[PDB]
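Take a look at this one chain, the form deposited in one PDB entry, written out in structure tokens.
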């Protein structure tokens, strides 16, 4: 089972704390970070607001649950998560894995701001939304841009699915990996996700390339996710 990183947020109105979940595993089934994987998530998830990036506090029954330090006003914020760089052997050579997740959260039933969500946060491989998904209806186009090391990434495959699309016969050894959208980015790194259903959506991109310092490691793999809501 391949483990991937994503972020989820419960519905939050103005004045209350922001509850968020770090998904490490098979979307959308949240699972506790196992003991041997704890070191991979040594840094807490971050909340991105007008004042910048602030750490969140890991509160809750399970170790994947987080809450904001302070109550949040109405707006459109980001919540980011990172699988910290790890090394592993393959064949023989070294490969460094890094993973990223980003969730767009709208606090308030009428919040469709774009000042914060459209600014890159500096993830090695990042999906930067170019619009607020709260403005996107079913069948319309939601424009995003893929950045790698701060630059647009052309011809990258961006796939997308939603919670409930693939549910049949799910178990610990079954696929449930089907995507409801697939396209490639253009020369500006942009692509238009076209959602055919309302729900909780996850878009995925990945990039395998050479590690910059060949004297320490050979290959690099990045897996980046963007989660958001379509519809109300």
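Numbering follows the first chain given and starts at 1. So that the term is clear: the rigid core is the largest set of C-alpha atoms that superpose within 1.5 Å between two forms.
The same protein also has a form deposited in another entry, omitted here; what follows describes it.
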| query | finding |
| --- | --- |
| Which one of 46, 176, 179, 65, by Cα shift of 2 Å or more between the shown form and the other one, core superposed | 176 |
| CA-CA separation of residue 33 and residue 169, closer or farther in the other form than in the form shown [shift of 3 angstroms or more] | closer |
| Sense of CA distance change between residue 176 and residue 127 in the other form, threshold 3 Å | closer |
